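>>> as a preliminary step, the opening chains of the complex are given here in situ:
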Amino acid sequence: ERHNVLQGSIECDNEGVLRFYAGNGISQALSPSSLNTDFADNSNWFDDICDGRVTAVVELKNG
Amino acid sequence: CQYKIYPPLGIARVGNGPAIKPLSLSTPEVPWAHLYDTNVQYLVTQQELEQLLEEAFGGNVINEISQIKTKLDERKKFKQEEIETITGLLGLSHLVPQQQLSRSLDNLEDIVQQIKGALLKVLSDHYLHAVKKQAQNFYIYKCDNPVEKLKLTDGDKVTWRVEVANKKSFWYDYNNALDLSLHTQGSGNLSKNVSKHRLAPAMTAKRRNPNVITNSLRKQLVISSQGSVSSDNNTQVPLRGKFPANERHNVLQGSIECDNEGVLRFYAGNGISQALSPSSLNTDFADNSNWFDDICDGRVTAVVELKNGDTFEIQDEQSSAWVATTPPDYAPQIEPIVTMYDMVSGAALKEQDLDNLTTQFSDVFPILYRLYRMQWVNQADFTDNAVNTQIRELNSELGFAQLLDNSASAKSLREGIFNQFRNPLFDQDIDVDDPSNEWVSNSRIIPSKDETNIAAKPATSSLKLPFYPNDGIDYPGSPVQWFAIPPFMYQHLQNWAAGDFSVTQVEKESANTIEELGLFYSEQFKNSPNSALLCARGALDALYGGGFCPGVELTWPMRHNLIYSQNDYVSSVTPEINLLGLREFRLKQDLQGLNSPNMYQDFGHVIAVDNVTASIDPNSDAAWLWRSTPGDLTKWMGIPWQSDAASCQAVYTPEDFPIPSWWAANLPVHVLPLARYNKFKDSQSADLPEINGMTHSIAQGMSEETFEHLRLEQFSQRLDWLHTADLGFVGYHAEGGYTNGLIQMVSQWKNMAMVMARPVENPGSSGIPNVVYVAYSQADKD
Amino acid sequence: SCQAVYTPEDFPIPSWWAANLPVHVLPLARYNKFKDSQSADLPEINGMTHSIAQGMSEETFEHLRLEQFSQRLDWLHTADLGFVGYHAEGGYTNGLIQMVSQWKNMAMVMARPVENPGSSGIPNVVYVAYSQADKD
Amino acid sequence: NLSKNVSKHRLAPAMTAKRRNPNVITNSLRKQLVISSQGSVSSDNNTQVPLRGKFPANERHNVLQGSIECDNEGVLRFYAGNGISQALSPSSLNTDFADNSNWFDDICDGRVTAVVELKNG
């Protein structure tokens, strides 16, 4: 019961560039016998697609 | 021949309750011992989890938390370190994963009561209403012929060894019992007519998981494990293999433990069945590729080491034992009409010598008693069985003892009952085509689901008893479509009908009702002095003995004497009371076990009755079939077992009644739910605010006749066992149906109703008996 | 499609339109096992031989009647809607498909008399489902 | 056509096979499952003659198994059926590659004989 969902990963390099990777492509139902037989709408299923908000703060040497 | 293990074939049933003694069950070691026990608890109860928690909290533990006591107020949440000392002091790691034991108290805010309350919720979530495991005890007996249990003096030690395997995914499809075509003279279990007249021909069968090719790669499909425990340490040892074997899933095949007295306790697995891919669904009753389950069976041996330096190896087949795990028993107090113990008993008999069998009334009483009690699990035996109704008529006038009368004046009464029973010659109620001769039943047939819109031939003979399907189900119009008590039991019944039986006077004096005489016979078992043979019988008396399509626990090889290395009648239960007898039997065993060169044997692309025929000759390259290696007893059964169980229910005929049921004593088909019990268990005088589901005011305002009529209407409502959990039929436009049942049983088996004896304290004139058998699940509770 | 809608809780079973498309009925088979009094002048009485029916106490005889009266049968089972035979699928969808031909075979409920209910609790007028599967 | 090795090394074992339409029991009733017909034509008349049977054999369905005509040279011409296959109930679907209960088709096979009669008798 309850599954870990890797929705993405983030990393920033020395120059301030952010890199965003998506998930592993894991889709699953809460019970093995729930089959995703509809093209769009299957109850009991999750996937690791996501979307959201990207913000930043720049902090200079002078404060 | 110094020491021997009993029972010679132990049985342990899967469940999701824990493998600890207080919360588990034990395979019967005395037949009939608990038939009317209204205190049984076959599902884990709230009270047992509380009492488990209280025992785990005995100081030292309170005092020592009265020291984390002080360090939390020198701090004024917990912290990991003191969390991990609260557990492991409680030692609940073996029952629930440590992770959520730890988060258990991480979320907390009489300090002892927030510990208990939080943990009991974790235990409850995992185990409340769980199917308790039924575990097998194995005993070392001293011999010469078992006299008494080995008693360990200080310095002595007994080491047990167990090796088990599961070969279902390695083995062949189950189409029907291959012995139905095997040439024979006839045994007490199976008449020679079935093969001689081709009444239900054996079908060829292909390999399961046929895409795995070469013997070498097919070994991956076999799950195996082994273990050892001794009387010097009572720590429990798991039996865990891998599937596929050396992906990879861990498979807990069982658990073993030995106490300081040298008794071995064997637990079966947790009931976990699974496919290698989520999308592989188990849509067939028997043969589903890509699946494994945790059923298993194998070899039980021991070494007895005395303080004297003398060591005794119990390793040969005459002294060693076997163990097999099986699906749960959902009505442990309801005995199958013909049992696996009856199969052993009949396998040593020749059909043409049955006229030399002698019969006591206690030899036929089991048939009538079991058939009568089938009313708690099967509608046809509650309301459509004229023998059961006649027994009821006899009980109502305290007249059951007339069935014990072997004189002519009672002959017509005995014949009237015997004549309703199906003859396992399978030669009645038939017309012969072409007298190339086929035997076509002229009684009611069980159609194939593949329909033909041509009017059925009208049946001209009445359907005989019992109303259950049998080995020949695949063949419409075969007399073997329907179950017969086997030849040697039918011969007893025949002798009884004729008057050729004996009975003692003390028996007649406890036979005014069937229940009264059943209690008497149960006392005879409990006071029999051969505890070894009673224990060997108790392991098999709860298991089914037909029909085999493939069955519930075990299947058809068990009904041949070829599978036993020894199978001898020893004595009656009582000096004067046979009760079907006590026997000494042992399975044939491969003494190399898991390391046998025959462990991975098969017959090529198909198995067929020709292979079985060849195996009769003990010199042949096929005789290994009968010399068991771990996994050999259960490999025949359905994979996963939950698909067999879901298809072990009713088989409907075009005629509504009676409804045929497969194996209803162990997999019930129609049950009396808890919800109905709560509407009939109270008498009108109960002083509660609700009385049988009515307000106090309504229940007492009605006439007493009306109150009693409502009790009996409730008692009469029998629910389809398949409806006691969500098997795919719940919800708006749910499909329901056979196949969803098989699919959902993989997860829902552990929620299906469990039948338990319960009291009715004051039945008054309602007609409800004082002991009822009530089906407990979560859906049917109210 | 106009029958039961099952909930996770077993009871009460919700039913759609049961007054015109019944869901649980009292079959003729059961009527023939409670309609007679213990004194009926018939060689078979409520599915028992005369001798067995008149051998039992009157109490248990009346109890047996009410037990038969209390057996209600799924209306969808009064004809072959795809659940009949070895390994038959059954289920909601086969019902829909088979009702096209089987609608004319489903059980029809009709008032019938009980001449001497006695103390059994069965009313003098019962409503009984007649079909061909439904017979005995 | 077939090597000895197939059987001798058990390369593809024969399976047992159950009856089609297994709910029809007794030989006498199973005769109804068989569709048959016959007819004759001669070189004195080229009218075509249908071969029409019934399924089930004595609602019944007419099954045109084929048609025969003979020309004035004495050549017989045989025509197969129209390709019509059907179940006894419309809900009976032919979901198996070979064995579908409740179905009949108009394929057929049988015996062809003749008599020659010359002027002199």
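Received, thanks. Numbering: from 1, shown residues only, chains lettered A, B, ... in the order given.
>>> show me the strands in chain A, by range?
A:8-12, A:18-22, A:28-29, A:45-46 (DSSP state E).
>>> what about the third one, near chain B?
Pointing back at strand A:28-29 there. Yes - Strand A:28-29 is in contact with chain B by Cβ under 8 Å from any Cβ of the partner chain, via A:28-29. Heads up, the C-betas are built off the backbone N, CA and C, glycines and all.
>>> and the contacts of that strand?
A:3, A:35-36, A:42, A:44-46, B:278 (Cβ atoms under 8 Å, 6 or more residues apart in numbering or on different chains).
>>> need the max-distance pair from these.
A:3 and A:35 (17.4 Å; Cβ to Cβ).
>>> between those two, who's got more neighbours?
residue A:35 (14 against 9; other Cβ atoms under 10 Å in any protein chain shown).
>>> now that one: closest residue in space that isn't a chain neighbour?
Setting aside the residues directly before and after it, residue A:35 is nearest to residue B:279 in space (Cβ to Cβ, 6 or more residues apart in numbering or on different chains), at 6.6 Å.
>>> just the strands of chain A: most buried one?
strand A:28-29 (a mean of 16; mean count of other Cβ atoms under 10 Å in any protein chain shown).
>>> that one: partners in the sheet, and parallel or antiparallel?
strand A:45-46 (antiparallel) (DSSP bridges).
>>> just give me how far the strand it pairs with sits from the chain centre.
In terms of Cα atoms, centre = their mean, to the nearest Å, the centre of strand A:45-46 is found 14 Å from the chain centre.
>>> name the residues that touch it?
A:3, A:5, A:27-30, A:34, A:36.
>>> try 6 Å
With contact meaning Cβ atoms under 6 Å, 6 or more residues apart in numbering or on different chains, strand A:45-46 is reached by A:29, A:36.
>>> quick check: the residue of chain A nearest chain D.
Here chain A gets closest to chain D at one residue, residue A:37, 18.8 Å apart by Cβ to the nearest Cβ.
>>> you'd agree residue A:26 is up against residue A:7?
No - here residue A:26 does not reach residue A:7: they are 10.2 Å apart, not a contact under Cβ atoms under 6 Å.
>>> which neighbours do these two have in common?
residue A:48.
>>> tally of neighbours for the residue in chain A that chain C sits nearest to?
Scanning chain A for proximity to chain C using Cβ to the nearest Cβ identifies residue A:37 as nearest, at 14.2 Å. Using other Cβ under 10 Å, residue A:37 has 6 other residues around it.
>>> ok, now residue A:42?
If you count neighbours by other Cβ under 10 Å, residue A:42 ends up with 13.
>>> ok, it touching residue A:36?
Yes - using Cβ under 6 Å, residue A:42 is in contact with residue A:36, at 4.2 Å.
>>> center of chain A, which residue is that?
residue A:7 (1.8 Å; Cα atoms, centre = their mean).
>>> might one say that that residue is in contact with residue A:49?
No - look at residue A:7 against residue A:49 with Cβ under 6 Å: they stay out of range, at 8.0 Å.
>>> sorry, back to before: residues contacting the residue nearest to the centre of chain A?
Listed by Cβ under 6 Å, 6+ apart, the contact partners of residue A:7 are A:23, A:48, A:50.
>>> export those residues to TSV and append columns for neighbour count.
Putting the contacts of residue A:7 into TSV (neighbours: other Cβ atoms under 10 Å in any protein chain shown) gives the following:
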residue	neighbour count
A:23	15
A:48	16
A:50	11
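>>> now the helices for chain A?
Counting by DSSP state H, no segments of chain A form helices.
>>> counting neighbours, what do you get for the residue in chain A that chain B sits nearest to?
For chain A, the nearest residue to chain B under the criterion Cβ to the nearest Cβ is residue A:32, separated by 4.3 Å. Number of residues near residue A:32 (other Cβ under 10 Å) recorded here: 17.
>>> before we move on, what about residue A:2?
For residue A:2, the neighbour count with other Cβ under 10 Å is 5.
>>> phi and psi next, for it.
phi 70, psi 120 (degrees, to the nearest 10).
>>> go ahead and add chain E:
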Amino acid sequence: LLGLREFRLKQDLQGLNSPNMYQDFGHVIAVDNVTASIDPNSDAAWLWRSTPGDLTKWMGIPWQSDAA
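One more chain to add, chain E, which I have set with the ones above:
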């Protein structure tokens, strides 16, 4: 070019009126019935002495399922 042959089917001369028109082997057919039919004197030899319907009865019913 693989040659020319004179061949004829084994035929039951009573055709539709044959006592063997409606013969079978019981609940199943198996290779053992075919073994017994090899001997033209045996009880199972009728399998090779064709009556009408005998050549096509083996094929799929209806033929359209086998074609598909």
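>>> can you check the neighbour count of residue A:32 again with chain E included?
17.
>>> also residue A:49?
12.
>>> just the one 5 residues further on next, same as before
Other residues within reach of residue A:54 by the criterion other Cβ under 10 Å amount to 7.
>>> again, but for residue A:39
Residue A:39 has 6 nearby residues by other Cβ under 10 Å.
>>> and if you look at the one 5 residues further on?
Number of residues near residue A:44 (other Cβ under 10 Å) recorded here: 12.
>>> that one and residue A:30 touch, don't they?
Yes - counting by Cβ under 6 Å, residue A:44 does reach residue A:30; the two are 5.0 Å apart.
>>> first-to-last residue distance for stretch A:13-32?
41 Å (Cα to Cα, to the nearest Å).
>>> wait, I meant stretch A:54-63
With Cα to Cα, one end of stretch A:54-63 sits 23 Å from the other.
>>> repeat for stretch A:2-9
Using Cα to Cα, the end-to-end distance of stretch A:2-9 comes out at 20 Å.
>>> now stretch A:17-33
Distance across stretch A:17-33, first residue to last, is 43 Å (Cα to Cα).
>>> report how many residues lie close to residue A:13.
8.
>>> how many residues are close by residue A:5?
Neighbours of residue A:5 (other Cβ under 10 Å): 15.
>>> surely it touches residue A:48?
Yes - if you go by Cβ under 6 Å, residue A:5 and residue A:48 touch, sitting 5.3 Å apart.
>>> residue A:29 pairs with what?
With DSSP bridges as the criterion, residue A:29 is bridged to residue A:45.
>>> now it: how far from chain E?
Look at residue A:29 and chain E: by Cβ to the nearest Cβ, to the nearest Å, they are 33 Å apart.
>>> same question, residue A:60
Distance of residue A:60 to chain E, computed by Cβ to the nearest Cβ: 74 Å.
>>> likewise for residue A:31?
35 Å.
>>> how about chain A: which residue is closest to chain E?
For chain A, Cβ to the nearest Cβ, closest residue to chain E: residue A:37, 23.6 Å.
>>> burial of residue A:36, as a residue count?
16.
>>> I'd say it and residue A:47 touch.
No - using Cβ under 6 Å, residue A:36 is not in contact with residue A:47; the gap is 9.7 Å.
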